[PDB]
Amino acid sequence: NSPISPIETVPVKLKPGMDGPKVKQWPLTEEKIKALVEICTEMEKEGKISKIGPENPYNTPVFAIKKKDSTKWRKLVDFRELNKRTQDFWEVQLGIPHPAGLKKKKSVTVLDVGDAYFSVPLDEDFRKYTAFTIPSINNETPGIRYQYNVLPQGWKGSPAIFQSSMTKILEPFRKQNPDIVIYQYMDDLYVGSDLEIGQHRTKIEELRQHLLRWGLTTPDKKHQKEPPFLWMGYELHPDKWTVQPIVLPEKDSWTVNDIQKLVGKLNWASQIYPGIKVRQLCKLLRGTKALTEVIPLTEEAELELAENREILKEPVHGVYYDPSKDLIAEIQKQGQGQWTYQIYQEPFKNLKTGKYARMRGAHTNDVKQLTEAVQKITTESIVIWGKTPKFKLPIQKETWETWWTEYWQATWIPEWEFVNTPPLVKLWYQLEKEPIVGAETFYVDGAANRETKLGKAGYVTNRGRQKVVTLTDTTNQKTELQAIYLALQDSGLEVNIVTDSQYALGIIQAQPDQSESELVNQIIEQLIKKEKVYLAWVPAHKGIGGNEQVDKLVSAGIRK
């Protein structure tokens, strides 16, 4: 059959302390035995395996499978046990190429290596552990034993050893042809140049011949594929790329399976179709039914799905990357925790798009979310292009300035400019720095019984007011927030509030505009309606006036 590379082998060890596998071969049908003898005879002739004796004590099971409407037998070796005992290797790829990171080339050629693993030699000292046995009919006599001379299919080390072998083989070609781009991916090479088509086809032949001198076969001009290249769910054309066609089914009844598959396709689409949303569709999956159970689409899910169909009705393509120009990233708020972005070099020819949703923490605001989105895009850009984009953001410089200089966390958005693309990011209230003269002072508190889960929230005020509300199935945290909420409800447009809850204070000081807690959402609604709010903290149980009296009020019947 085919060449085996004369490349040096990689030395391979078993994990420390462990010996090779010794897994018994089960008896096989005569049919399967005959198939395996034919297969192994031919593999031995082609140099892929060699006969060994009973001297080698190792064994991995072998099997033969022929599909029902088919005449071709295949050998299957079950390397599970050898794999468990083989050393760890360096991981094969830290990530996969994004098409938006590719630089446009005049000519591109794909070369897939034929029978890749079987063209690389296996370390001589390791071959013994790959032993297997074709059993005799009704296991009466000794079987015929073989070991591998090349990288086996399904063995733990094959992918990494193949990759490093290809890397070594390419090194002198690269060194001599620095202009030629060669991506390595699994058994493939993707080879781009800006040479004229004649000289490109010549260099491809030189590469093929170089690879052949090292025992690696590749398709000739005739068999080589032509664009667009269908690759890992993408279409790569000469001056554009996109995702392969997305089929969004029409269905009377959506199964969880159907919905999971839809959201996956929509997520895949979002890297070039701007403004794809999946929030309402994802909400439907937050249950605990699974597989073939039918989830009725909510109206918000129907609206979301309808909007996505409109986005997808006509093809959209991305452009490739030009390294001599800056990257520009624009972000918009789409509402309810959803953000969308586009990255281009010339307005408005997107290299790619994306979305950000992530709720970080229990309570947040749009300035924090925007910063998080910017951080995500910044990392993605370093990965794809090796540099950071300049940003265009829907937040005024003054808003950003006020926030970061006052906030207790270090923040740093790199180079950015305000773009007036509503809705603009702002903060919806602010707390006073000083107590308010002429405003009523409320001393608030809450208490909860750990055993009964009953509680009270309440206030006293310097103008002599008091109030206590009773709560059930609550917690100390919730009662402390309930109390602040009471004070906000019962106060005028200006109010001073004194809490002993560091928890509540921390939440409110960060100017949340959105929360997973309905109670916190009620407090935010009140805070926005006020003209002035001063919130202050005092330590509990220090006999501090005002706090002492509300403490007694809410503890009654709850805690001693």
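The first residue of the shown sequence is 1; numbering continues from there.
- The question of which stretch, 250-258 or 356-364, has the higher mean Cα B factor is settled in favour of 250-258.
- The stretch 464-472 shows the higher mean C-alpha B-factor when 126-134 is compared against 464-472 in the entry.
- Taking only the listed residues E401, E81, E140, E346, the entry reports the highest CA temperature factor at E140.
- Residue-level inspection of the entry shows that, of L486, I272, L327, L195, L195 has the top Cα B-factor.
- Ranked within its chain, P61 lands in the lowest third, by CA B factor from the PDB record.
- Among the modelled residues of its chain, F173 has a C-alpha B-factor that falls in the highest third according to the deposited record.
- In the deposited entry, the Cα temperature factor of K75 sits in the middle third of values across the chain's modelled residues.
- Ranked by C-alpha B-factor against the other modelled residues of its chain, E480 falls in the lowest third.
- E42: CA B factor in the middle third of modelled residues in this chain (values from the PDB entry).
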